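S.K.: Sequence plus experimental coordinates follow:
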Amino acid sequence: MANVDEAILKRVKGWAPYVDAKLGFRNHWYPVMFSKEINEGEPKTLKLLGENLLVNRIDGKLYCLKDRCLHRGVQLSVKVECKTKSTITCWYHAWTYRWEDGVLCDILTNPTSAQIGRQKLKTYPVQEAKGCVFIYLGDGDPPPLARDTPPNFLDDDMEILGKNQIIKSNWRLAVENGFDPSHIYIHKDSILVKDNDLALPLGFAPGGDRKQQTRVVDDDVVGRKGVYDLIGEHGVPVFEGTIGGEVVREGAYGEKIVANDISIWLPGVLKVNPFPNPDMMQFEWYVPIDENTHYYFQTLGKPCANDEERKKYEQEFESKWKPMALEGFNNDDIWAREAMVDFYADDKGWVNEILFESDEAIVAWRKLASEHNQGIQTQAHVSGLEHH
Amino acid sequence: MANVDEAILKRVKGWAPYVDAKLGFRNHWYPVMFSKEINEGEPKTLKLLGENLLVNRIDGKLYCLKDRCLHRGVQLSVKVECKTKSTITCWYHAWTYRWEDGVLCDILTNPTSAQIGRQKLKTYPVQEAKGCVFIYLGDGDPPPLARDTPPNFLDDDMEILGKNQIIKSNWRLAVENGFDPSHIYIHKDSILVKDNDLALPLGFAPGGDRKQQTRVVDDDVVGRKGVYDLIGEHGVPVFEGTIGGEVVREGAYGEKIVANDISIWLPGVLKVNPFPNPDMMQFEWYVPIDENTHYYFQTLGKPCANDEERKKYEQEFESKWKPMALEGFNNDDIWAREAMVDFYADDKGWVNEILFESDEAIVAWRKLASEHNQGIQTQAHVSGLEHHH
Amino acid sequence: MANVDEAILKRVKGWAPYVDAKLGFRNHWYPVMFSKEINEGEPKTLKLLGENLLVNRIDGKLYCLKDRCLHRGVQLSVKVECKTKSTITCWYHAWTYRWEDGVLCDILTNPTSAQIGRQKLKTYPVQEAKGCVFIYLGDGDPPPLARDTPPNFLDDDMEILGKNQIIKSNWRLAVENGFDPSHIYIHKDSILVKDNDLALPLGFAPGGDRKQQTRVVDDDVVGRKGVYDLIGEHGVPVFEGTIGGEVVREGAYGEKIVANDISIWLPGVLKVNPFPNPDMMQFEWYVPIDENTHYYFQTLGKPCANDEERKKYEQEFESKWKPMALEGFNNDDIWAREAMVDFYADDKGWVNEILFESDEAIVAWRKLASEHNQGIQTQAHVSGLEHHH
Amino acid sequence: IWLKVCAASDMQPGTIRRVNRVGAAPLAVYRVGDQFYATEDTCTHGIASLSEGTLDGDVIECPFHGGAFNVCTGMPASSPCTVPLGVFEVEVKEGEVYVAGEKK
Amino acid sequence: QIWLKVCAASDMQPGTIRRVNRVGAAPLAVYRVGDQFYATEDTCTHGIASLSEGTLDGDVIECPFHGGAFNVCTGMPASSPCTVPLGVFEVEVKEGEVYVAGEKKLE
Amino acid sequence: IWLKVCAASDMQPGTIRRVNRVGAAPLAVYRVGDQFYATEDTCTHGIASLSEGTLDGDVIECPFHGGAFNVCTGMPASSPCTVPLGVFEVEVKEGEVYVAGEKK
Ligand SMILES: c1ccc2c(c1)[nH]c1ccccc12
Ligand SMILES: c1ccc2c(c1)[nH]c1ccccc12
Ligand code: FES
Ligand code: FES
Ligand code: FES
Ligand code: FES
Ligand code: FES
Ligand code: FES
Ligand SMILES: [Fe+2]
Ligand SMILES: [Fe+2]
Ligand SMILES: [Fe+2]
């Protein structure tokens, strides 16, 4: 939908839609915060896919309104005026909207206005699952949340805990950094490696039967769409890094086996199993905020049968996992993403990049995302759709 | 003239020139500072309509030169060198200009140069009135200042006192907010309303036809161009704000009636009478500095027959009107203007805005501005007008 | 190639290549730091002609690799990893290159990769001379260093000392400010003038035989291309600055004669002789870093026959010449350069500038640079050259 | 039930005629060739008068922002318009055009 | 093992490409330009793309990944971002049968 | 007063000739077709010599910045030139070109 120079899109015939999706994919569910972060009657602002939104909790249920008055385009959040439980009144000329359907139900500055009941502020579906707030940034009735979530994230027994933050890089650079088989080289000195006695090679190199290591999923019953990188089951572990034949670096020879299988799913969520411990799983999203930033929504799952277990897990999370894994391990992924910004900033990195064997999995992802995304977000979606 | 995407200008047929006037209207007088701010032989810098200017006072009189040397385009003000009372010498290669006509009269580094007396630095007319400094940002002979000021501002007995500052929003957002009949809602909690017992509705339910909502003045004895907001003529003031039939807010039931008449005039000055008190008036300009900023030049006028009344007024102004009205009331206008920046920054809000009834006032202003402005300032006027045969 | 609006380039027929060379000229030697600034195994980063580079010293020799991994385009310098003495390993996926030829010799994350030995990271020749590090930002076998250095810089006894810094102005504004005969007016109050008893007029103006003051050099045996502004011998010294015929400022009447001859040479190095003392020379480069910044590479040369003289000169340099001349004199050149940024930033200044007689020297330079430069650096050179069959 | 607008002959094909009604919102009658259509005069995207716009075939373009509507269906034809225009019934009985007091 | 049997000359239409897989070695690409046959490595030198999956225009093969291109006769780059020459393998037709060399030309 | 410049045939069509004058600013004589015109030689926008510029019909283009003038009126034809050029009437008698001693 024209976000990139046409000359570049013409060059990347294998995945032009993906290269063009600088603002992300429209018509998909995206996690933006945790349930505990949004309280009853306290609207919270955020930007998703370039759009400013407002989220409010009313009678325990979440509602989402575009944070931009229909009148003069100001953000309602500049000065929040929720004068009745079910509505929000713009601070400027008092146009009032219902949280449930966005209908302009009243205008305090002119209760006789012909606009009343005849205009509607954009609303977006909101759903809470596993203590995470998901917003369907799309049009029409939303598909099942499961379609845009990795396998097992929604298991009844699966206890989800995590953290979220804003990172300065396009979402795609985050995705590819995460689903990259050979990038773990940057984690070779992470405190998680030693402090958790992990077995971690310098690089999971491509085995022989390539299409046996990569598994494209487009037959998932709930509609999921993604790609598996079967490094542990079909890939090769490089534990001794050599230069000129001499060993200059070694991987970690710990006892804990992790990262058996990695998978990337639309709209942009990675699943690492098992990780950071053999009895856990990591699910992380790279949510588009605008063309230069994304939410790095990290979650760790661990089956729990009772509160006593949930509490224990919650304690380990706070004292070990979050500090040693989400931060100790993944922090290097943050500046790694930032490091690729300049090369791709002008969109030319998508042409000049020189890929090697382990990037085969990334290429598969680009084609899958290009073929199965539910829409390309455009700046026009942000300012107001245009058509003659 | 070519400041906005041509496709957008094509869509706004009712006021394309106004939408294109991002840098403001050329060939109009604009206030930029108060007389007391510029002293004899003390050149002052400022940017107006995107142009860097220098103003100096010589023998009591003000002169304005473009703050850009003709030679290598540097600002003379980087290092001011006024070597004679009537000239200014560029700090770089010493090109020297007369404040009176901008003529390049000498070049210290080459007294025999053929450029001497053959080049001229742009000058603009400057006039002081009511303690305010106005600059005619235009070409050729200027029209009377009266043409570009609201009625009565220049009245002999009118005592003017004010405040000026730089605000971060395009000048038009400032103009529209000030003339916006329904924006009165943002002032509902102002300290002035309570502390000065003002009557202030939340808005108005329009009455009568479209034509009765405003009164356009296409010509004054001096050629003034403006529009009066007549929404209160047949409209019903709203004192009780309801949502779903329930009262959620009330206007202010004070005894003092102000803002009986509000008018906006080209090049962009609002007159509110009477305000903030029944016995005075407010005249405020939204002067274009560049595409993202303007001077919010506020003034309060009050008829004064002698020196005793003037002194008394100056005391009331400093101790009450300036802090309670100019700041206490208008500060909310400042962030409201800033709140509209994003929507109009890409020029698309001029197409996507959804107007309602009271906006008839703004529409009348956009059309009047489009039909009677004296010229559209372009980036080319700033860098140097362009033309190729 | 495609650096400036074609409409502007068409207007400056006399020196389009020069106006288009916003990023500098490719295929020339450029100094970027002093030798003592780069030690053994201490990788240093720098941006030259818009390209991020890495320089390292191995077994005493300097090597230069483009600071950009061939794989995903990250700067290797974000987390330098030199595993072996002769290589550098990208911190991302471990692609490993040799400093000597840039060849991708190993890949720790995949030793069986077909890319190994089949890719080559860009390398640039580097050579140290007079304690200065020069990088040939070009392709193919480099020409002799002497071609891109002013006469005498490489003399056997010429002892070179200096200072370097990053200045916020395009390199061309720096070049023209330096080779400008009338700009010394900005140096009239420099401490160097009095503190070193210099004779310095307010400006050297055009003598009588124009073609005779400027000397275009394109017949030098070493191939260097430049222009001399023969001020001392053919130029006229202006000591009495007048406005309306009245003396308002005078130059300096010191005994020390300096700046007899000034010359600018490609790729952009000025030679002032003698300066800042009758027995010294000043050689300064304005090295393009990106379109908005440059290295102001200052050097002062003074014959020294032995270590005792060199040590003496070094002490004089630190106690006098550096603080009094390089800083005390040229500091004004810095803000002068910065003052021209706005006028030329949009590339319009190259059309709207109003030149006078002394700029004749600058015009000659613009033409010579346009005709003898060895290549126009473009954004494509920075991102990766493009070409469709 | 119906109101007299004008004689079908007073309107050239491709022209618009505003119909002001006492005590109610104005309507716009369009003649697209030989057929006459009617919608409310006020653009649903704001407060502009469509009768002051430009008619191109059976599509009316608003003068304010360039939004457009199909005068036959009242459905939006060009952004920024999104809210259907109210359509009124028209009848040409005896060379005279009449418009329904209420919208179909 | 010096010459590899690919297919019958008639099995290939002008302007088409065929990939030749080899045990223990990188794949090759055979191109038919008119009635002439040429061959190079199948893997684009700029990455991991298969040129046999690209578009042939005359004697120039265009890579499907980034649009780079090569001259199939010389193996030299024809379009950016390609900069590394492809190895070229001699092709000969013996009795209407296409054969591609097992070793690339030296130079 | 009049200055004998040269023979008409000394100049090919569409060419410019610089005429130096001791103690005075040089002039430029332009041959447009078979007609002749004269102006000051120095561009009013700088130090460029119009005689080293490009003549397009009756408009001379400065070699420095693309500014231009109409050699007949001397008025600016293209920016950045804004100051009118000095014009000098010219007469051709007996195949000899003469230019007015002073501007007029
Ligand atoms: C390979 C091995 C481990 C990981 C990976 C790729 N990507 C990841 C993202 C988050 C946490 C762990 C990993
Ligand atoms: C004229 C006279 C002196 C100088 C000059 C131009 N340009 C210079 C640059 C550095 C130091 C001295 C000079
Ligand atoms: S901008 Fe919100 S009610 Fe006017
Ligand atoms: S820039 Fe002012 S005299 Fe040169
Ligand atoms: S970006 Fe350097 S090895 Fe991958
Ligand atoms: S008011 Fe008609 S398109 Fe906006
Ligand atoms: S892999 Fe062939 S052009 Fe990049
Ligand atoms: S010197 Fe002639 S156009 Fe500038
Ligand atoms: Fe990672
Ligand atoms: Fe206000
Ligand atoms: Fe200087």
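M.R.: Sure thing, it's come through. Numbers count the residues shown, from 1 in each chain, chains lettered A, B, ... in the order given. Ligands and ions are numbered 1, 2, ... in the order given.
S.K.: Close to chain C: what parts of chain A are there?
M.R.: A:180, A:182-183, A:185-186, A:202-203, A:205-206, A:238, A:241-244, A:246, A:248-249, A:335-336, A:339-340, A:342-344, A:346, A:348-349, A:351-358 (CB under 8 Å from any CB of the partner chain). Every residue, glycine included, has its C-beta placed from N, CA and C.
S.K.: List buried residues within those.
M.R.: For these, a burial check counting by 16 or more other CB atoms under 10 Å in any protein chain shown picks out A:180, A:182-183, A:185-186, A:202-203, A:205-206, A:238, A:241-243, A:248-249, A:335-336, A:339-340, A:343-344, A:348-349, A:351-358.
S.K.: Near chain D, list only the ones from those residues.
M.R.: Applying CB under 8 Å from any CB to these, none is adjacent to chain D.
S.K.: Of those, which belong to strands?
M.R.: A:203, A:205, A:238, A:241-243, A:248-249 (DSSP state E).
S.K.: Nearest to ligand 8: which residue in chain D?
M.R.: residue D:66 (41.2 Å; CB to the nearest ligand atom).
S.K.: Now the strand or helix carrying residue A:309: buried residues?
M.R.: Assigned by DSSP states H and E, residue A:309 falls within helix A:307-316. For helix A:307-316, the neighbour count (16+ other CB under 10 Å) marks A:313-314, A:316 as buried.
S.K.: just stretch A:71-84 next, same as before
M.R.: A:71-83.
S.K.: is that stretch anywhere near ligand 6?
M.R.: No. Contact of stretch A:71-84 with ligand 6 (CB under 6 Å from any ligand atom) is absent, the minimum separation being 12.1 Å.
S.K.: what about the helices in chain A?
M.R.: Using DSSP state H, the helices found in chain A span residues A:6-11, A:16-20, A:171-178, A:191-195, A:210-213, A:231-234, A:307-316, A:331-345, A:349-352, A:360-372, A:379-383.
S.K.: what sits up against stretch A:364-374?
M.R.: Stretch A:364-374 has contacts (CB atoms under 8 Å, 6 or more residues apart in numbering or on different chains) with A:14-18, A:21, A:25-28, A:138, A:175-176, A:179, A:214, A:216, A:218, A:225-227, A:264, A:266-268.
S.K.: Now, of the residues you listed, which are buried?
M.R.: A:14-18, A:21, A:25-28, A:138, A:175-176, A:179, A:214, A:216, A:225-227, A:264, A:266-268.
S.K.: Taking chain A, what residue is nearest to ligand 2?
M.R.: residue A:342 (35.4 Å).
S.K.: And that residue, how far from residue C:382?
M.R.: Per CB to CB, to the nearest Å, residue A:342 is found 10 Å from residue C:382.
S.K.: repeat for residue A:80
M.R.: Relative to residue C:382, and taking CB to CB, residue A:80 is found at 46 Å.
S.K.: tally of neighbours for residue 92?
M.R.: Going with chain A. 25 (other CB atoms under 10 Å in any protein chain shown).
S.K.: To clarify, I was referring to chain D.
M.R.: Neighbours around residue D:92, by other CB under 10 Å: 15.
S.K.: Pretty sure it sits against residue D:31.
M.R.: No. With contact defined as CB atoms under 8 Å, residue D:92 does not reach residue D:31; the gap is 9.7 Å.
S.K.: Mutual contacts of these two, please.
M.R.: residue D:8.
S.K.: what residues does stretch A:254-262 touch?
M.R.: In contact with stretch A:254-262 (CB under 8 Å, 6+ apart) are residues A:179, A:181, A:184, A:193-194, A:196-200, A:204, A:228-233, A:270-278.
S.K.: typo on my end, stretch A:186-194
M.R.: A:198, A:200, A:202, A:249, A:251-252, A:254, A:276, A:324-325, A:328-329, A:332-333, A:336, C:91-92.
S.K.: Find the nearest non-adjacent residue to residue 91, please.
M.R.: You didn't say which chain, so I picked chain A. The shortest distance from residue A:91 to any non-neighbouring residue, by CB to CB, 6 or more residues apart in numbering or on different chains, is to residue A:79 (3.8 Å).
S.K.: please go with chain D instead
M.R.: residue D:98 (4.8 Å).
S.K.: ok, now residue A:143?
M.R.: Per CB to CB, 6+ apart, closest to residue A:143 is residue A:223, 6.7 Å.
S.K.: Next, count neighbours for the residue in the stretch 201-350 of chain A that ligand 7 sits nearest to.
M.R.: Per CB to the nearest ligand atom, residue A:350 is where the stretch 201-350 of chain A lies closest to ligand 7, at 10.2 Å. For residue A:350, the neighbour count with other CB under 10 Å is 22.
S.K.: So residue A:123 sits against residue A:88, correct?
M.R.: No. Taking contacts as CB under 8 Å, residue A:123 lies outside contact range of residue A:88: 11.5 Å.
S.K.: More neighbours: these two, which one.
M.R.: When neighbours are counted by other CB under 10 Å, residue A:123 and residue A:88 differ, and residue A:88 comes out ahead with 26 against 18.
S.K.: dump the residue contacts of the residue of chain A most remote from its centre.
M.R.: Centroid-distance maximum for chain A: residue A:112 at 44.4 Å, with CA atoms, centre = their mean. Residues in contact with residue A:112 (CB under 8 Å, 6+ apart) are B:205-206.
S.K.: cool, and residue A:2?
M.R.: Shown in contact with residue A:2 (CB under 8 Å, 6+ apart): A:20, A:378.
S.K.: Surely residue A:160 touches residue A:297?
M.R.: No. At 11.0 Å, residue A:160 does not count as touching residue A:297 under the criterion of CB under 8 Å.
S.K.: Mutual contacts of these two, please.
M.R.: In contact with both residue A:160 and residue A:297: residue A:132, using CB under 8 Å, 6+ apart.
S.K.: Once you drop chain neighbours, what's closest to the residue of the stretch 201-350 of chain A closest to ligand 7?
M.R.: Using CB to CB, 6+ apart, the closest residue to residue A:350 is residue A:19 (4.9 Å).
S.K.: ok, the residue of chain D found nearest ligand 1 - how many residues close by?
M.R.: Residue nearest to ligand 1 within chain D (CB to the nearest ligand atom): residue D:79, separated by 41.5 Å. Applying other CB under 10 Å, we find 20 residues neighbouring residue D:79.
S.K.: Same question for residue D:40.
M.R.: Using other CB under 10 Å, residue D:40 has 19 neighbouring residues.
S.K.: What separation do you get for it and chain A?
M.R.: Residue D:40 is 9 Å from chain A, where distance means CB to the nearest CB, to the nearest Å.
S.K.: correct me, but that residue touches residue D:27?
M.R.: Yes. Between residue D:40 and residue D:27 there is a contact under CB under 8 Å: 5.9 Å.
S.K.: Mutual contacts of those two, please.
M.R.: In contact with both residue D:40 and residue D:27: residue D:88, using CB under 8 Å, 6+ apart.
S.K.: quick one on the thing from earlier: tell me which of residue A:160 and residue A:297 has more neighbours.
M.R.: Under the neighbour definition other CB under 10 Å, residue A:160 and residue A:297 were set side by side, and residue A:297 has more, 23 against 18.
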